[PDB]
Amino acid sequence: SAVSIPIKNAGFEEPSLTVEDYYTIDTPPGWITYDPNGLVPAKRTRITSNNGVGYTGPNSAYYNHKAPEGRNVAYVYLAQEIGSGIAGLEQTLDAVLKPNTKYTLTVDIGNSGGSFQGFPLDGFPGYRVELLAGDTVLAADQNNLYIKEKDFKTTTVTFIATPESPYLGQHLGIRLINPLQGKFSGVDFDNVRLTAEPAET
């Protein structure tokens, strides 16, 4: 039986937002900004490279339906040209890597779309989801899922750790990445879940 591994602010429901105050431009609570190529400036604005939380309700400009989970989704927007680097959000968990364990990391990916006040969100930068142990990427999915404009779709990253793994006992981690492989170059995430179950191995 698959056991849920606790994640901080896993559905980006913090902070609480309203139809009136419907976004932040700050790293979601419980998450760290991942910016290996320095695309996110020290001084952010809503038009600079940024990440944050967006109230995604039933009358969202950007989606046909409300948030897959709760009220809010996370977003990662990059202003730089295609191919300039990758950036996103990451979180180190308290849980550690166990042998003969199958890990299932599920995340909803959002392709924000439509036109709002005459501006198009048509196009998509792609996505990458990574499961880590320590600072090793154990498993990853980059763009295997196609997401239509104004839709959210669920991707799944799986990994089995064997008794011979070099990473046993190292802290699990998660990264949610915008790889900047298209414009418009915003991608959203919601409802991060991670389970562990016994595996034959």
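Heads up: residue numbers just count along the shown sequence, starting at 1.
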item	value
Which of 18-26 and 185-193 has higher mean CA B factor, as the PDB entry lists it	18-26
Mean C-alpha B-factor comparison - 141-149 and 41-49, higher one	41-49
Largest Cα B-factor, entry values, listed residues 129, 89, 78, 121	121
From 99, 125, 110, 114, residue of greatest CA B-factor	114
Chain third (lowest, middle, highest) by recorded CA B-factor, residue given as residue 66	highest
Lowest, middle or highest third - CA B-factor, residue 58	highest
